[PDB]
Every structure is written in C-alpha cells, then in structure tokens.
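**Q** Just the starting chains for now, same placement as in the complex:
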Amino acid sequence: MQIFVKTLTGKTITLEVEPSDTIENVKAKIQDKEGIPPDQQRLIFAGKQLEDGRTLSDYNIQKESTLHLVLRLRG
C-alpha cells in the first residue's frame, strides 16, 4: 500500500506502491520525486538487492516497510 524510503541524506519520504509492481516503476517514482536517475539507484530491503526483473511482493514488500537507497557509481 504505502512504503517509506530512507534517502542518503536521511529524510524519509512516503511514496505509494502497488500490491505487486516492477522495480522500474518504483525507481521512476523515486527519480520523478527526488531526482537521482534510475540507473544510479540501488534499493536494498532486508539485506537483498532488488533486481530489475523480480516483482516487489517476491521480496516481501508489504504495508509500512522501510527501504534504503544507495547511489550507483562507476570507476
């Protein structure tokens, strides 16, 4: 239903989700609401990276769960 993200700065905004949605849509909402481009995001939930193919509910996404956002950098 609704989930939180712990941004790198520290602020925790709230964004709407779907019962089972692709990570691409979530990254699109993050980039349209916070700024970081989708290819520069690494979302971690319960110590497991969220692949671009697997749906949210596979990694046990549910109501009132906190995620984290980490910047992607290349050498």
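**A** Okay, I see it. Numbering: from 1, shown residues only, chains lettered A, B, ... in the order given.

**Q** quick one: residue A:64 and residue A:3 touch, right?
**A** Yes. Here residue A:64 reaches residue A:3: they are 7.4 Å apart, a contact under CB atoms under 8 Å. The way it works is simple: take the backbone N, C-alpha and C, and place the C-beta from them, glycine included.

**Q** between those two, which one's more packed in?
**A** More crowded of residue A:64 and residue A:3, by other CB atoms under 10 Å: residue A:3, with 18 against 9.

**Q** next SSE after the helix or strand hosting that one?
**A** Following DSSP states H and E, one finds residue A:3 within strand A:2-6. Going down the chain from strand A:2-6, the next helix or strand is strand A:12-16, by DSSP H and E.

**Q** C-alpha coordinates for that following strand, CSV please?
**A** Provided in CSV are the C-alpha atoms of strand A:12-16 (Å, rounded to 0.1, in the frame of the first residue of the first chain):
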residue,chain,number,x,y,z
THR,A,12,12.3,9.6,4.8
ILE,A,13,9.6,10.5,2.3
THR,A,14,6.5,8.3,1.7
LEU,A,15,5.5,7.0,-1.8
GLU,A,16,2.6,4.9,-3.0
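
**Q** Neighbouring strands of that strand in the sheet, and parallel or not?
**A** Sheet partners assigned to strand A:12-16 using DSSP bridges are listed as strand A:2-6 (antiparallel).

**Q** quick one: what helix or strand has the residue nearest to the spatial centre of chain A in it?
**A** Centroid-nearest residue in chain A, with CA atoms, centre = their mean: residue A:43, separated by 4.8 Å. Using DSSP H and E, residue A:43 falls within strand A:41-44.

**Q** List the buried residues in that strand.
**A** A:41, A:43 (16 or more other CB atoms under 10 Å).

**Q** Now find how far off-centre it is within its chain.
**A** Distance of strand A:41-44 from its chain centroid, counting by CA atoms, centre = their mean, to the nearest Å, is 6 Å.

**Q** Name the residues that touch that strand?
**A** For strand A:41-44, the surrounding residues in contact (CB atoms under 8 Å, 6 or more residues apart in numbering) are A:5, A:23, A:26-27, A:30-31, A:49-50, A:67-72.

**Q** try it again with 6 Å
**A** The contact list for strand A:41-44, computed with CB atoms under 6 Å, 6 or more residues apart in numbering, reads A:27, A:50, A:67-70, A:72.

**Q** I only care about those residues that end up buried; give me the ChimeraX line for that.
**A** Command for ChimeraX that selects the buried part of those, burial taken from 16+ other CB under 10 Å:
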select /A:27,50,67,69
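
**Q** What's the separation between residue A:73 and residue A:40?
**A** Going from residue A:73 to residue A:40 by CB to CB, to the nearest Å gives 8 Å.

**Q** build in chain B:
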Amino acid sequence: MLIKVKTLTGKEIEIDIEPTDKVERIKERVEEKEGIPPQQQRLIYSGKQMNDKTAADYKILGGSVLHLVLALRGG
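**A** Adding chain B to the chains above:
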C-alpha cells in the same frame, strides 16, 4: 568651561577660561589671583600629574577641582 583651584589650606581660587587654552598659560593665570612663581606651581586632576595636553586632553570640563600642589625641594 569654568574651573576652580584649591590650595593646601582650602582657599578656593576662581578662574574662568576658554575651552581651548594652554596648560602653562592657565598655570600662569593663577599668579594674578595669588602671587606664586610659575615653577612652584603643579596641577593635579584625577591621580597622575598634569603635563604641559593643551586644554581638554585631560577632560577638564565643567566645574572641576584641581589641587594646587607646590614644589617640594625648592618651594
């Protein structure tokens, strides 16, 4: 600036001076009021001795009392 001069006994020497006068000239002015040599005349205002400060570098403004101390060895 109207100033007053006091002696050891307590005589109140009165003199009216312009705001811009000279220390040596003002010292000599007391001679007409009472005959004393120029050298055997020292003036003290608020602690340290008064040097020959032209008029108001010592902040002698308004009605102030200056102690007319004489010379010690000569007299």
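
**Q** Once more for the contacts of strand A:41-44, now including chain B?
**A** Contacts of strand A:41-44 with the rest of the structure, by CB atoms under 6 Å, 6 or more residues apart in numbering or on different chains, involve A:27, A:50, A:67-70, A:72.

**Q** Can you pick out the most distant pair from these?
**A** Maximum pairwise distance in these, criterion CB to CB, is 15.3 Å, between A:67 and A:72.

**Q** can you tell me the helix or strand for residue A:30?
**A** Short version, using DSSP H and E: residue A:30 is in helix A:23-33.

**Q** by how many degrees do that helix and strand A:12-16 diverge?
**A** 130 degrees (axes from the mean of the first three to the mean of the last three CA atoms, to 10 degrees).

**Q** who touches residue A:56 in this structure?
**A** By CB under 6 Å, 6+ apart, the neighbours of residue A:56 are A:20-21.

**Q** coming back round to it: CA atoms of the strand holding residue A:43 as PDB?
**A** Extracted C-alpha coordinates of strand A:41-44, given in PDB (Å, rounded to 0.1, in the frame of the first residue of the first chain):
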ATOM      1  CA  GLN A  41      19.900   3.700  -7.600                       C
ATOM      2  CA  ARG A  42      20.500   0.600  -5.500                       C
ATOM      3  CA  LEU A  43      17.500  -0.300  -3.400                       C
ATOM      4  CA  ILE A  44      18.200  -2.800  -0.500                       C
END
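
**Q** how about the strands in chain B?
**A** Remark: strands assigned in chain B by DSSP state E are B:2-6, B:12-16, B:42-44, B:65-69.

**Q** Identify the residues contacting the first one?
**A** Counting by CB under 6 Å, 6+ apart, the neighbours of strand B:2-6 from elsewhere in the structure are B:12-13, B:16, B:30, B:63-68.

**Q** one more time with 8 Å
**A** Here strand B:2-6 makes contact (CB atoms under 8 Å, 6 or more residues apart in numbering or on different chains) with B:12-17, B:30, B:43, B:60, B:62-68.

**Q** of these, closest to residue A:10?
**A** Nearest to residue A:10 out of the contacts of strand B:2-6 is residue B:62 (CB to CB; 65.9 Å).

**Q** Counting neighbours, what do you get for the closest one?
**A** 8 (other CB atoms under 10 Å in any protein chain shown).

**Q** Show me what the strand holding residue A:3 is in contact with.
**A** A:12-17, A:30, A:43, A:61, A:63-69.

**Q** excluding its backbone neighbours, what's nearest the residue nearest the centre of chain B?
**A** Residue closest to the average C-alpha location in chain B (CA atoms, centre = their mean): residue B:43, at 4.6 Å. Leaving aside its sequence neighbours, residue B:43 sits nearest to residue B:50 (CB to CB, 6 or more residues apart in numbering or on different chains; 4.5 Å).

**Q** wait, doesn't that neighbour sit right on residue B:44?
**A** Yes. The pair residue B:50 / residue B:44 is scored as a contact, 6.2 Å apart, by CB under 8 Å.

**Q** Chain C next, sequence below:
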Amino acid sequence: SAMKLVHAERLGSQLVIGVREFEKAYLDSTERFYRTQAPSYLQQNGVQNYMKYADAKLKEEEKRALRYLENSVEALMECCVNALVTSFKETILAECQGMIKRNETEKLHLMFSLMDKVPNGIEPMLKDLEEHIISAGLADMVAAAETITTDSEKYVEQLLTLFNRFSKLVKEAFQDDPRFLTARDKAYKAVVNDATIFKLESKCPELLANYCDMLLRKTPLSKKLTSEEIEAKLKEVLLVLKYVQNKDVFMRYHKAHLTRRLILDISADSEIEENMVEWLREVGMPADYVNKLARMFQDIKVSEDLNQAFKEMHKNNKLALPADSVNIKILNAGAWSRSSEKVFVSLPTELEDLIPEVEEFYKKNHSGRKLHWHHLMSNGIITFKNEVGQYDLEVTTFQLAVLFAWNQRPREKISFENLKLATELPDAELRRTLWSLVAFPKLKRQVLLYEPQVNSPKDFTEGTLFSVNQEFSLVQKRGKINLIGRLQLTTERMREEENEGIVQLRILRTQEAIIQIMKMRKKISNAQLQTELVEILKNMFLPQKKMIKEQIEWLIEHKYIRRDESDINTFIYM
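**A** If we add chain C to the chains shown above, we get the following:
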C-alpha cells in the same frame, strides 16, 4: 398474566412469590413502561423534577425487586439506570453546565448521586468546575488589581478567601470526592500562577516573602497578635505557598529577609523561625537553600559562643574602646555572602585597631581560614553633642565615615569633592548615604542641611555645601533616633582608578603638609609633628599612621628630611 398484576402496582400479594417457583419478560415490561412514561414526565415537569423522579423511581424499584423478585437485582438496576439516566445524561449535563453558578448545591448533590452510577458521566463535572474556578478567580483578581499589587497582606487575604470559598463549595455540593478535589487543585494552581494582574512577571514570591517578614519581624502587626495566631497565619501562608512553581525566588527573598533579621536581632521569636525552617523543608522546597538556612542558624549560635569567649579573654586588658561595648560575628561565606569584592571606605581609628586583634584571636584556635570584613552589615551607636543637647543615634559604616568629617571642623561647610576625598567613597554610594543623612522619611528636624536645594539625590553638583545642624532636636534634650532602615546587602562593582587617584592625592598632600611645617619650623619632635599635621589638614582629610610613616620613610629616601641621633623620635631638616 403474571406481569399484568405487577403492572397495576405502578399505576395503583403472596401470589407472585409462588409464581417464580423466567425474568426476561419482567425486564422487558419495565423497559417498555419507562420508555413510554419517562419522556412525557420530563417534557411536563423539567429536568429539575426529572432528577427527583429518577431517584425515587430507582429506590422504589430496588425495594420492589427485593420484595417480588430475588443477582438478578443487579441486572434490573443496570437496565433501569440505562433507561433513566444513560439516555438523558446529555440534557442533565447541559443543565449542569448552565447551572454551576448561583450556588444551587441542593440540586447538584442529587445530580451527582444520579450520575455517579453510569460510567464516564463525571468528566464534564470536572470540566465545568475547572472553568468556573479559573474564570471566577481571574475576574476577582482583576476586579481590584489597583489595591492588591502594592500590599502583600491584601493579596494573601484575597487568595485565601478564594481558596476557602471554593473548598466550602466543593464540600457542600460535591461531598468531598477526591476526583473533584484534584479538579479544584488543578484549577487553583492555574489561577495562582498568572501575570495578568501584573504587567500593567514573577512577583508573587516577593509579596509572600514580604508578608512572612511582616509576621516574623517586630512590626506593629506582630505586636497586635499572640504566638498562636502567628503560627496559624504562617500555616495558611504555607498552604498557599504549596501551590507555586517558582520556589527558588521565594527562598532567595526569604533568605535575604532572614539576613536582615538575625543580623540586626529584630526578630520576635527564634523558635518560630526554627519551626518555619522545618515546615519549609516538609512542604518540599529545594534542599540547597534549606541546608543553607540551617547552616545560618548554627553559625549564629557558634558566633555567640565565640563572642562570649572573646569578651572573656579580652576583658583583662582595657583598650581604647571598652571590651563590654563591642560585638563580633564570624560567619560562613557560602551560606551568607559569596562575593569577595573589595569595598573602599575610610575608617575611624577606634575600630581600625580592632581588626588585628580579632584576626589574631581567630587564628589562635582555628588554623587555615581567611576573614573578609563586610562593611555593609556593620551597625553601631554614636553620640551627637549639639549646642542644644546630647543625643545618641544608630548609623552604619558609610554614615559614620561621612559624619566624622566634621569632628575637626565643627562649624564649617564641606563640598561634594571634599566628601569624595575625605570619606574615600565612590559617587553612587556617597549620594545614597548623603540622601539618607539629609532626607529621611519623617524626621521633622534633620541632621545635615544643604544650601542649593534640589528634589532628587542624583541632582547634586560638585559645589554643594553641607553643614551640621546646630538646632536639631528630637523640644526634648535626650533621646535615641534610628537612621538604619532596610540595610543594603549588595553594592555595585567598585572601580580601582578612583581609589588610586584618591591615594595619590593623599600621599602628595601629606608630603606637602610634612615639608611645609618642617620649612616653617626647622626642628620638631614626632608627637607634636603628628598633632601639627592633624591641625594643618583639617580642611582636606584626616591622616593615618601607616601613610604618614611611609611618607617619612620616602622623605628620608629622597633626602628632603634627615634623621637624628639623640633619640628615635626626632627629625632634623636637611
């Protein structure tokens, strides 16, 4: 048909008892009968009569259930309460909200009894009571703010009257239920801590301490009262004081007043003071101040013992001032005065030689303590000898230093500068002391007179003339007058530049007066030298022993004067 017989009893015997030898029909009958009867009677005769209707009906049904029916009585009473008060509590509580005024406790007790049965039917009682107490208290305090902000006794009386009226009201109406006692306590705490009467801040502790000082001191009010009434008033004051939030301010003011007292020995009873200390501890005041007060009392006891010992030891030898006319007090710095700032005053000869004696006596027994002499808390009595009569009067140290400037000139006039030189005091303290010694509250005849008359202490010039009044009378010829009222305990910081200037002037002028007399008279001994210096400087200041000794040494150093060989008190001019 069994319920038909019981129905007629309401509208106008042993059969029913055997009939029971099941109840839901009875409960339904009662519920329907009340649902059909109650609203009509309410709309006919108002809430004030519906209350008594409900009370009588409840008691009647309890008795009827006990006589006809039997745990079932509990359920029947519950459903009767639901039918009568549970569904009409909104109207009854509206009447409560619109009723609490105009002192109608007789209906209120019935209302409280009716509403205690239903759960959660009591909070509006508390809300209305709190609102009434707060509004009435604020309105009453603001209705007379002119004559209450200045007098402490009137303020205390008003607060106590409000408390007594509200407590009597809650006892008479609410019948002393602790919940409503809590409500009135919260409302009273809200009322007492307000600043709307002030600000055209935190001023209540000051007034309370002032009233306590009025009671404990030797005021006329303390004269027209016995000990029991004093204790009762103190307990009432403590009851009011228990409801404050700023207690440190009150304790500070009380400590100041207990310094004024217990340093001037103007108290009415020491046992009451000890009891007040204990009661203040019991009420729950901060521990630091209470411990400090206990330390103060112990310190004055030890000081009395030490003064007795000093008088006993020093009575064998007779100094300039007799040993039976001097009192000494040594007190802890932390409990009384924590500031070690220096105060610059010229001091009389008689009490200047007293300091080393006390210091040696203290150092004899105790090892490792310093002494700081506090010149703002020292009192005494001096004798005035006028052309009319001989008078005695009470002065402080500053007033004494000011007044001894006319001993060697007791017919002449002194200016402001000459007072700043002889008394060796700053401008503010000198102005305050001069205003005290010239302008006192009533004093139809004053001690000192000044020619350029003004209307403010600050409006003094440097040429103001001061003279001693030679027609001052108390037309009596002997009596005592007091000039010490609320002795100051704190003074502003003192700059050392003025003291340095005064010391320089004194040194140089003593040099002048010691070389001039030697020039005019070639040879002179030591004692007559001191007498001649005192005589020659009667219009500047009174010389002291250490300064003149240092000046003689300086003259020997710079060859202005020369020593002799016949004795050790003769000087020969070089």
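
**Q** once more on the contacts of strand B:2-6, with chain C this time?
**A** So strand B:2-6 is in contact with B:12-17, B:30, B:43, B:60, B:62-68, C:463, going by CB under 8 Å, 6+ apart.

**Q** ok, which residues in the stretch 301-450 of chain C are in contact with chain B?
**A** C:415, C:417 (CB under 8 Å from any CB of the partner chain).

**Q** Where does the stretch 301-450 of chain C get nearest to chain B, which residue?
**A** Per CB to the nearest CB, the residue of the stretch 301-450 of chain C with the smallest distance to chain B is residue C:417, at 4.6 Å.

**Q** what about that residue, neighbour count?
**A** 17.

**Q** which residues touch it?
**A** Shown in contact with residue C:417 (CB under 8 Å, 6+ apart): B:65, C:462.

**Q** go with 10 Å
**A** Counting by CB atoms under 10 Å, 6 or more residues apart in numbering or on different chains, residue C:417 touches B:4, B:6, B:63-65, B:67, C:462-464.

**Q** could you point out which element follows the helix or strand containing residue C:30?
**A** Here residue C:30 sits within helix C:24-67, counting by DSSP H and E. Using DSSP H and E, the helix or strand that follows helix C:24-67 towards the C-terminus is helix C:72-81.

**Q** what sits against residue C:265?
**A** Contacts of residue C:265 by CB under 10 Å, 6+ apart are C:218, C:300, C:327, C:379.

**Q** Could you check how far the second one is from chain B?
**A** The spacing between residue C:300 and chain B, counted by CB to the nearest CB, to the nearest Å, is 43 Å.

**Q** State the phi and psi torsions of that residue.
**A** Main-chain torsions, residue C:300, degrees, to the nearest 10: phi -70, psi -30.

**Q** burial count for it?
**A** 16.

**Q** out of everything not next to it in sequence, what's closest to it?
**A** Residue C:300 sits nearest to residue C:262 (CB to CB, 6+ apart), 6.3 Å away.

**Q** where along chain B do the helices fall?
**A** For chain B, the helices defined by DSSP state H cover B:23-33.

**Q** can you list the residues of it near chain C?
**A** B:4, B:6-12, B:42, B:44-49, B:62-65, B:67-73, B:75 (CB under 10 Å from any CB of the partner chain).

**Q** Among those residues, name the buried ones.
**A** B:4, B:6-8, B:42, B:44-46, B:64-65, B:67-70, B:72 (16 or more other CB atoms under 10 Å in any protein chain shown).

**Q** Who are the contact partners of residue C:66?
**A** Counting by CB under 10 Å, 6+ apart, residue C:66 touches residue C:73.

**Q** and what of residue A:9?
**A** A:34, A:69.

**Q** go on, residue C:398?
**A** C:343, C:345, C:375-376, C:378, C:423, C:425, C:429-430, C:432-434, C:436-437, C:488, C:491.

**Q** Among the residues you listed, which lie within helices?
**A** When DSSP H is applied, the contacts of residue C:398 are split such that C:429-430, C:432-434, C:436-437 fall in helices.
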